[PDB]
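Peer 1: Sequence first, structure after; it's an experimental one.
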Amino acid sequence: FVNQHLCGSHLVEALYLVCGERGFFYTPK
Amino acid sequence: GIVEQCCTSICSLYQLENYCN
């Protein structure tokens, strides 16, 4: 699921799955 | 940044992990 176009909520969801308990930052520029 | 460049190009795990805390 990581090796593809990840737009909008798709990216947030991949960050969420990848980062697990670390969490992540989502910064659209 | 990733938000733009992982949507216009395909993403990778290298890139995603760079945005984990």
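Peer 2: Ah, there it is. Numbering: from 1, shown residues only, chains lettered A, B, ... in the order given.
Peer 1: Please give the number of neighbouring residues around the residue nearest to residue A:8 when sequence neighbours are not counted.
Peer 2: When the adjacent residues along the chain are set aside, residue A:8 lies closest to residue B:7, with 7.5 Å between them (C-beta to C-beta, 6 or more residues apart in numbering or on different chains). All C-beta spots, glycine's among them, are computed from the backbone N, C-alpha and C. When neighbours are defined as other C-beta atoms under 10 Å in any protein chain shown, residue B:7 has 16 of them.
Peer 1: Tell me the secondary structure at residue B:7.
Peer 2: Assigned by DSSP: H, G, I helix; E, B strand; the rest coil, the conformation of residue B:7 is helix.
Peer 1: who touches it in this structure?
Peer 2: Applying C-beta atoms under 8 Å, 6 or more residues apart in numbering or on different chains, we find residue B:7 in contact with A:5-8, A:11.
Peer 1: before we move on, what about residue A:23?
Peer 2: Applying C-beta under 8 Å, 6+ apart, one finds that residue A:23 lies in contact with B:20-21.
Peer 1: So it versus residue A:11, what's the distance?
Peer 2: As judged by C-beta to C-beta, to the nearest Å, residue A:23 and residue A:11 stand 15 Å apart.
Peer 1: One more: residue B:3?
Peer 2: Where residue A:11 is concerned, residue B:3 sits at a distance of 6 Å (C-beta to C-beta).
Peer 1: So for these two, which sits in the more crowded spot?
Peer 2: Here residue B:3 and residue A:11 are set side by side on neighbour count (other C-beta under 10 Å), and the busier one is residue A:11, at 21 against 18.
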